[PDB]
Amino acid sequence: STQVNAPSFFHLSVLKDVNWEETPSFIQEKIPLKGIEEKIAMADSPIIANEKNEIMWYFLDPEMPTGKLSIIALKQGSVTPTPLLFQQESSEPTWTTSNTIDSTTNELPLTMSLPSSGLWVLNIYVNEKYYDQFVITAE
């Protein structure tokens, strides 16, 4: 992007095969989840633009890599990446959790906010290495 900075581990090429449709919900242990089955997902909770929402994240992958977790978001039709973490009443959006996750973390609450309504792709990194991605809807 000519307009903003992004982490050095972020490349636009992750956008290449994105299917711009909301990721379908699925049930894990009787509760609704959104994301990639058997890998990573968040609680199927409604996301309202410009509203900080604490959403439980789930690390389904039994071999989840160790490291800090990063989430880099882009709106549909955008080449401008943005952070969505607003941790612990912070006034600043952060790319990366302060805590380190691993195969034993299982679950972690993250407070998120998206600046406008529409489809957003969530690019996920662990220890600065690309992990996966999925699309969510902000109302």
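In this text, residue numbers run from 1 along the sequence as written.
**Student:** Using only the Cα atoms and their B-factors as the entry lists them, report which of 95-103 and 26-34 averages higher.
**Tutor:** 26-34 has the higher mean C-alpha B-factor.
**Student:** Would you mind checking which of 45, 111, 66, 82 has the top Cα temperature factor in the PDB entry?
**Tutor:** Most elevated C-alpha B-factor of the set, per the entry: 45.
**Student:** Test of reading the entry: by CA B factor among the chain's modelled residues, which third contains residue 40?
**Tutor:** Its C-alpha B-factor belongs to the lowest third of this chain's values.
**Student:** Where does residue 127 sit by CA temperature factor within its chain: lowest, middle or highest third?
**Tutor:** According to the entry, residue 127 has a C-alpha B-factor in the chain's middle third.
**Student:** Lowest, middle or highest third: where is residue 74 by Cα B-factor in its chain?
**Tutor:** Middle third, going by the recorded CA B-factors of the chain.
**Student:** Split into thirds by Cα B-factor across the chain's modelled residues, where does residue 87 land: lowest, middle or highest?
**Tutor:** According to the entry, residue 87 has a C-alpha B-factor in the chain's lowest third.
**Student:** Could you tell me which third, lowest, middle or highest, the C-alpha B-factor of residue 8 occupies within its chain?
**Tutor:** Its C-alpha B-factor, which the entry lists for residue 8, ranks in the middle third among residues of this chain.
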